[PDB]
file upload_25.cif (mmCIF, C-alpha atoms and all ligand atoms)
data_data
loop_
_atom_site.label_atom_id
_atom_site.label_comp_id
_atom_site.auth_asym_id
_atom_site.auth_seq_id
_atom_site.Cartn_x
_atom_site.Cartn_y
_atom_site.Cartn_z
CA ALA A 2 2.13 -13.49 -12.54
CA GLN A 3 0.93 -11.47 -15.47
CA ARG A 4 2.12 -8.32 -17.21
CA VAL A 5 -0.40 -6.35 -19.23
CA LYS A 6 -0.60 -3.02 -20.92
CA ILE A 7 -3.65 -1.24 -19.46
CA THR A 8 -5.48 1.87 -20.40
CA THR A 9 -5.35 4.54 -17.66
CA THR A 10 -6.90 7.96 -17.54
CA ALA A 11 -3.63 9.24 -16.08
CA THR A 12 -0.70 10.33 -18.19
CA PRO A 13 0.64 8.64 -20.32
CA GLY A 14 -2.65 6.86 -21.13
CA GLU A 15 -1.20 3.37 -21.26
CA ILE A 16 1.01 1.59 -18.84
CA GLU A 17 2.31 -1.95 -18.39
CA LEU A 18 1.49 -3.36 -14.97
CA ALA A 19 2.78 -6.58 -13.49
CA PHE A 20 0.38 -8.25 -11.12
CA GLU A 21 -0.77 -11.41 -9.38
CA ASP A 22 -4.37 -12.56 -9.62
CA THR A 23 -5.22 -15.64 -7.51
CA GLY A 24 -8.59 -17.11 -6.45
CA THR A 25 -12.25 -16.69 -7.32
CA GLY A 26 -15.06 -14.65 -5.86
CA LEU A 27 -15.14 -11.22 -4.31
CA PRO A 28 -12.27 -9.15 -5.70
CA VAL A 29 -9.78 -7.83 -3.14
CA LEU A 30 -7.05 -5.62 -4.62
CA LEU A 31 -4.06 -5.11 -2.29
CA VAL A 32 -1.62 -2.23 -2.78
CA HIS A 33 1.93 -2.31 -1.46
CA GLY A 34 3.91 0.35 0.39
CA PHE A 35 6.84 2.52 -0.55
CA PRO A 36 9.39 1.55 -1.93
CA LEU A 37 8.29 -2.10 -1.97
CA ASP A 38 6.47 -4.36 -4.47
CA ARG A 39 3.61 -6.82 -4.80
CA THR A 40 5.51 -9.50 -2.91
CA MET A 41 4.80 -7.53 0.31
CA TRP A 42 1.32 -9.12 0.23
CA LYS A 43 2.34 -12.64 -0.81
CA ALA A 44 1.18 -14.43 2.40
CA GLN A 45 -2.25 -12.81 2.25
CA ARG A 46 -2.63 -13.54 -1.46
CA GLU A 47 -1.60 -17.16 -1.01
CA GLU A 48 -3.97 -17.70 1.94
CA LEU A 49 -7.02 -15.59 1.14
CA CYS A 50 -7.33 -17.05 -2.35
CA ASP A 51 -9.22 -20.02 -0.91
CA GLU A 52 -12.19 -17.76 -0.39
CA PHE A 53 -11.65 -14.51 -2.35
CA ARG A 54 -10.07 -13.30 -5.61
CA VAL A 55 -6.89 -11.49 -4.62
CA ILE A 56 -5.30 -9.09 -7.11
CA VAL A 57 -1.85 -7.68 -6.20
CA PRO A 58 -0.17 -5.28 -8.64
CA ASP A 59 3.23 -3.68 -8.70
CA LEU A 60 2.41 0.03 -8.81
CA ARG A 61 3.82 2.14 -11.61
CA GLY A 62 7.58 2.46 -11.16
CA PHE A 63 7.85 -0.53 -8.80
CA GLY A 64 8.65 -4.21 -9.08
CA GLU A 65 8.15 -5.45 -12.62
CA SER A 66 5.78 -2.67 -13.69
CA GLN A 67 6.63 0.03 -16.21
CA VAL A 68 8.66 2.94 -14.87
CA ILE A 69 7.11 6.38 -15.85
CA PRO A 70 9.67 9.05 -14.94
CA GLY A 71 8.76 12.40 -13.48
CA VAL A 72 6.01 12.47 -10.89
CA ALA A 73 3.75 9.52 -10.04
CA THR A 74 0.87 11.10 -8.22
CA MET A 75 -1.35 9.12 -5.88
CA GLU A 76 -4.22 9.99 -8.26
CA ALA A 77 -2.31 8.56 -11.23
CA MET A 78 -1.63 5.37 -9.28
CA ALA A 79 -5.35 5.12 -8.47
CA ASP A 80 -6.24 5.72 -12.13
CA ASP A 81 -3.95 2.85 -13.05
CA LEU A 82 -5.78 0.59 -10.58
CA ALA A 83 -9.11 1.54 -12.13
CA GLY A 84 -7.68 0.72 -15.54
CA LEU A 85 -6.43 -2.64 -14.34
CA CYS A 86 -9.83 -3.52 -12.95
CA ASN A 87 -11.35 -2.42 -16.27
CA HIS A 88 -8.86 -4.68 -18.19
CA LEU A 89 -9.79 -7.62 -16.00
CA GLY A 90 -13.53 -7.05 -16.43
CA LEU A 91 -13.92 -6.07 -12.73
CA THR A 92 -16.02 -3.13 -13.73
CA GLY A 93 -18.32 -3.22 -10.64
CA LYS A 94 -17.21 -3.08 -6.97
CA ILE A 95 -14.00 -4.26 -5.32
CA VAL A 96 -12.47 -4.22 -1.89
CA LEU A 97 -9.35 -2.03 -2.04
CA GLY A 98 -6.60 -2.42 0.54
CA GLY A 99 -3.39 -0.51 0.89
CA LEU A 100 -0.43 -0.23 3.22
CA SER A 101 1.17 3.20 3.90
CA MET A 102 1.74 4.76 0.46
CA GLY A 103 -0.72 2.20 -0.77
CA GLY A 104 -3.18 3.75 1.70
CA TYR A 105 -2.55 7.13 0.10
CA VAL A 106 -3.40 5.50 -3.24
CA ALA A 107 -6.56 4.04 -1.68
CA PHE A 108 -7.65 7.50 -0.59
CA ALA A 109 -7.04 8.85 -4.11
CA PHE A 110 -9.15 5.93 -5.46
CA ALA A 111 -11.96 6.60 -2.98
CA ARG A 112 -11.96 10.28 -4.08
CA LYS A 113 -12.40 9.51 -7.73
CA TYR A 114 -13.88 6.00 -7.98
CA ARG A 115 -16.28 5.96 -4.98
CA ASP A 116 -18.85 3.84 -6.75
CA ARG A 117 -16.30 1.07 -7.39
CA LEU A 118 -15.70 0.38 -3.66
CA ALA A 119 -17.38 -2.37 -1.63
CA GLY A 120 -14.88 -1.72 1.16
CA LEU A 121 -11.52 -0.26 2.12
CA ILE A 122 -8.65 -1.77 4.10
CA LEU A 123 -6.27 0.92 5.39
CA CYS A 124 -3.06 -0.43 6.90
CA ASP A 125 -0.32 1.58 8.54
CA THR A 126 -1.14 4.86 6.83
CA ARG A 127 -2.41 8.40 7.32
CA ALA A 128 -4.83 10.79 5.62
CA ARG A 129 -2.89 14.03 6.33
CA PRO A 130 -0.56 15.34 3.59
CA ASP A 131 3.17 15.88 3.95
CA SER A 132 4.33 18.80 6.12
CA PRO A 133 6.58 21.32 4.39
CA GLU A 134 9.73 19.63 5.72
CA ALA A 135 8.44 16.23 4.71
CA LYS A 136 7.81 17.52 1.17
CA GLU A 137 11.30 18.89 0.92
CA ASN A 138 12.76 15.61 2.17
CA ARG A 139 10.88 13.84 -0.66
CA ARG A 140 12.57 16.05 -3.17
CA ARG A 141 15.96 15.30 -1.63
CA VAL A 142 15.27 11.56 -1.72
CA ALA A 143 14.13 11.72 -5.33
CA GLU A 144 17.19 13.64 -6.43
CA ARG A 145 19.56 11.30 -4.75
CA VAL A 146 17.93 7.97 -5.53
CA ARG A 147 18.08 8.75 -9.24
CA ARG A 148 21.89 8.89 -8.93
CA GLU A 149 22.79 6.57 -6.07
CA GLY A 150 19.96 4.02 -6.04
CA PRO A 151 17.94 3.05 -2.97
CA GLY A 152 20.65 1.71 -0.65
CA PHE A 153 20.48 4.87 1.45
CA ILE A 154 16.73 4.43 1.70
CA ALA A 155 17.09 0.86 2.97
CA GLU A 156 19.57 2.06 5.57
CA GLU A 157 17.23 4.82 6.81
CA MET A 158 13.96 2.91 6.58
CA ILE A 159 14.68 -0.67 7.71
CA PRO A 160 15.07 0.24 11.43
CA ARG A 161 11.77 2.16 11.23
CA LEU A 162 9.85 -0.47 9.27
CA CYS A 163 9.81 -3.43 11.64
CA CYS A 164 9.71 -4.09 15.34
CA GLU A 165 12.43 -5.54 17.53
CA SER A 166 10.67 -8.93 17.64
CA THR A 167 10.86 -9.22 13.88
CA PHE A 168 14.59 -8.56 13.86
CA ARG A 169 15.04 -11.31 16.46
CA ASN A 170 12.61 -13.98 15.26
CA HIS A 171 12.41 -13.29 11.54
CA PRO A 172 15.70 -12.05 10.14
CA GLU A 173 14.60 -13.65 6.83
CA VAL A 174 11.66 -11.24 6.70
CA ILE A 175 14.02 -8.28 7.27
CA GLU A 176 16.18 -9.51 4.41
CA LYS A 177 13.16 -9.94 2.06
CA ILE A 178 12.12 -6.35 2.77
CA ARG A 179 15.67 -5.12 2.30
CA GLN A 180 15.88 -6.81 -1.12
CA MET A 181 12.53 -5.26 -2.14
CA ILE A 182 13.94 -1.80 -1.36
CA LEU A 183 17.33 -2.47 -2.95
CA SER A 184 15.66 -3.71 -6.15
CA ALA A 185 13.18 -0.84 -6.52
CA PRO A 186 13.70 1.05 -9.83
CA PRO A 187 15.53 4.33 -9.06
CA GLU A 188 13.33 6.51 -11.28
CA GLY A 189 10.20 4.76 -9.97
CA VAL A 190 11.20 5.53 -6.38
CA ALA A 191 11.91 9.15 -7.35
CA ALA A 192 8.62 9.57 -9.16
CA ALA A 193 6.65 8.16 -6.20
CA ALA A 194 8.53 10.28 -3.68
CA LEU A 195 7.59 13.39 -5.66
CA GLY A 196 4.02 12.11 -5.94
CA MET A 197 3.76 11.64 -2.20
CA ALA A 198 4.93 15.22 -1.68
CA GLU A 199 2.13 16.54 -3.90
CA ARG A 200 -0.71 14.43 -2.49
CA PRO A 201 -3.72 16.30 -1.09
CA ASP A 202 -4.96 16.36 2.46
CA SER A 203 -7.47 13.52 2.72
CA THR A 204 -8.59 14.37 6.27
CA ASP A 205 -12.05 15.58 5.18
CA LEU A 206 -12.50 12.68 2.74
CA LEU A 207 -12.79 10.24 5.63
CA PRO A 208 -16.10 11.28 7.17
CA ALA A 209 -17.54 11.25 3.66
CA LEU A 210 -16.63 7.61 2.94
CA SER A 211 -19.52 5.36 1.92
CA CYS A 212 -18.16 1.83 2.30
CA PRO A 213 -17.18 -0.31 5.31
CA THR A 214 -13.52 0.24 6.31
CA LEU A 215 -11.03 -1.89 8.18
CA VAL A 216 -8.13 0.05 9.76
CA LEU A 217 -5.16 -2.03 10.73
CA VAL A 218 -1.90 -1.04 12.43
CA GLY A 219 1.11 -2.74 14.01
CA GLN A 220 1.35 -2.37 17.78
CA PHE A 221 4.85 -0.95 17.38
CA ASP A 222 4.50 0.95 14.11
CA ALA A 223 7.08 3.75 14.22
CA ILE A 224 6.04 5.44 10.95
CA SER A 225 2.22 5.57 11.34
CA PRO A 226 1.79 5.07 15.05
CA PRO A 227 -1.23 3.25 16.48
CA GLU A 228 -2.47 6.21 18.52
CA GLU A 229 -2.73 8.34 15.39
CA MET A 230 -4.31 5.48 13.40
CA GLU A 231 -6.95 4.95 16.07
CA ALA A 232 -7.81 8.64 15.90
CA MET A 233 -7.98 8.43 12.12
CA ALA A 234 -10.32 5.41 12.35
CA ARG A 235 -12.66 7.38 14.64
CA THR A 236 -13.24 9.80 11.72
CA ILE A 237 -14.36 7.01 9.34
CA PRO A 238 -17.99 5.78 9.53
CA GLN A 239 -18.56 1.99 9.52
CA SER A 240 -14.99 1.43 10.60
CA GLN A 241 -13.28 -1.38 12.49
CA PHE A 242 -9.89 -0.80 14.10
CA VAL A 243 -7.40 -3.65 14.74
CA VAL A 244 -3.97 -3.47 16.36
CA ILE A 245 -1.68 -6.34 15.33
CA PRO A 246 0.56 -7.27 18.27
CA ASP A 247 4.30 -7.66 17.78
CA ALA A 248 4.45 -5.84 14.43
CA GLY A 249 5.81 -2.51 13.32
CA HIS A 250 4.94 -0.77 10.05
CA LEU A 251 4.74 -3.96 7.97
CA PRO A 252 2.24 -6.27 9.70
CA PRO A 253 1.50 -8.26 6.50
CA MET A 254 5.08 -9.47 6.51
CA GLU A 255 5.85 -9.36 10.23
CA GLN A 256 2.68 -11.10 11.48
CA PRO A 257 1.25 -12.58 8.32
CA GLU A 258 -1.22 -15.00 9.92
CA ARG A 259 -2.71 -12.36 12.21
CA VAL A 260 -3.14 -9.97 9.27
CA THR A 261 -4.68 -12.65 7.06
CA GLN A 262 -7.12 -13.53 9.84
CA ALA A 263 -8.14 -9.94 10.49
CA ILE A 264 -8.76 -9.37 6.81
CA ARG A 265 -10.53 -12.70 6.26
CA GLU A 266 -12.98 -12.23 9.12
CA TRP A 267 -13.78 -8.62 8.08
CA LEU A 268 -14.22 -9.60 4.41
CA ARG A 269 -16.74 -12.27 5.39
CA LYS A 270 -19.05 -9.62 6.51
CA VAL A 271 -18.60 -7.36 3.61
CA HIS A 272 -19.23 -10.44 1.51
CA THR A 273 -22.30 -11.86 3.31
CL CL B 301 -3.58 10.53 -1.44
CL CL B 302 4.54 15.10 7.31
#

call {"tool": "encode", "arguments": {"input": "upload_25.cif", "output": "structure tokens"}}
result
Amino acid sequence: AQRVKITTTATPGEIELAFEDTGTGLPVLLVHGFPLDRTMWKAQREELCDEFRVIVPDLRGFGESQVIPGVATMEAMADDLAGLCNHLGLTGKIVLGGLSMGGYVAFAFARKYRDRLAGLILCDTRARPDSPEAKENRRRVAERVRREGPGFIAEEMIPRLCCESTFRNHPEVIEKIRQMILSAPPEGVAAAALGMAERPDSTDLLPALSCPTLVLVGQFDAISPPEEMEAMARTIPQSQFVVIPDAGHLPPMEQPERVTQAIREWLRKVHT
């Protein structure tokens, strides 16, 4: 992995991002969920790099990246991604993928950096903003995580993140996810929670998209259910919708081979 100071149009103008960059060819940048880190996408990075260039950053405030206290808007996160691609000399088009919060970042990127997208991969996410109660709950999470750390978040989220089959067959995957949460920087988690609260409604962005889009969801996703994701996909032109069996909210970790395959086969067409 690498750690580089990049120039970003978001405050504070410069930020240090940690990231993986593996393979050659078409660039595919994959964005993790909340409150996880780049290792969420490790199986896909390690497998897809035989055919594509896979770039996987820790977002601001997560993993090994710089923590910028206050609010980390989805726009700011997207600006950082643009600045990373600029740093790397990927100044043309990329495929951008994101899971959950990372999908919110992808929407912010598509808003602002349309002409940099060859394609979008939207996993286990939604285009609607937070409801008023959801916003308030973000503020409560932010306030508490700054003081107590993310243990309470792991306790609340783990049962909602993965399906029953994962708990049974892959307890090691559960534990990897738990350690990602437990290790997340408290002020980075707070800043992202506040950023999620403030994110705009992307509903009307979707019909205006101009690149092919893959929409992927776990069969048993409790957080962004498949029914709602299918409806979201029907608003996106040039979309493909895939349900990953025997996965909850984290298909890349729960069913890594099936996710890698779905992405690989879709990328081949974007690419050809
Ligand atoms: Cl957003
Ligand atoms: Cl909501």

call {"tool": "residues_around", "arguments": {"input": "upload_25.cif", "residues": "region 261-273 of chain A", "least_positions_apart": "5", "cutoff": "8 Å", "atoms": "all atoms listed in the file", "output": "PyMOL selection string"}}
result
chain A and resi 27+44-45+48-49+119-120+213+215+243+253

call {"tool": "write_last_selection", "arguments": {"input": "upload_25.cif", "atoms": "C-alpha atoms", "output": "short mmCIF file (atom, residue, chain, number, x, y, z; two decimals), in the coordinates of the input"}}
result
data_model
loop_
_atom_site.label_atom_id
_atom_site.label_comp_id
_atom_site.auth_asym_id
_atom_site.auth_seq_id
_atom_site.Cartn_x
_atom_site.Cartn_y
_atom_site.Cartn_z
CA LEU A 27 -15.14 -11.22 -4.31
CA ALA A 44 1.18 -14.43 2.40
CA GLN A 45 -2.25 -12.81 2.25
CA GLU A 48 -3.97 -17.70 1.94
CA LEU A 49 -7.02 -15.59 1.14
CA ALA A 119 -17.38 -2.37 -1.63
CA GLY A 120 -14.88 -1.72 1.16
CA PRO A 213 -17.18 -0.31 5.31
CA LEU A 215 -11.03 -1.89 8.18
CA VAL A 243 -7.40 -3.65 14.74
CA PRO A 253 1.50 -8.26 6.50
#

call {"tool": "residues_around", "arguments": {"input": "upload_25.cif", "residues": "residue 24 (chain A)", "least_positions_apart": "2", "cutoff": "8 Å", "atoms": "all atoms listed in the file", "output": "ChimeraX atom specification"}}
result
/A:22,26,49-55

call {"tool": "atom_distance", "arguments": {"input": "upload_25.cif", "atom1": "CA of residue 7 (chain A)", "atom2": "CA of residue 254 (chain A)"}}
result
28.6 Å

call {"tool": "residues_around", "arguments": {"input": "upload_25.cif", "residues": "residue 59 (chain A)", "least_positions_apart": "2", "cutoff": "9 Å", "atoms": "all atoms listed in the file", "output": "MDAnalysis selection string"}}
result
chainID A and resid 18:21 32:33 37:40 57 61:66

call {"tool": "closest_atom_pairs", "arguments": {"input": "upload_25.cif", "of": "chain A", "to": "ligand CL 301 (chain B)", "cutoff": "7 Å", "atoms": "all atoms listed in the file", "output": "CSV"}}
result
residue,atom,partner,partner_atom,distance
A:75,CA,B:CL301,CL,5.2
A:76,CA,B:CL301,CL,6.9
A:105,CA,B:CL301,CL,3.9
A:106,CA,B:CL301,CL,5.3
A:108,CA,B:CL301,CL,5.1
A:109,CA,B:CL301,CL,4.7
A:200,CA,B:CL301,CL,5.0
A:201,CA,B:CL301,CL,5.8
A:203,CA,B:CL301,CL,6.4
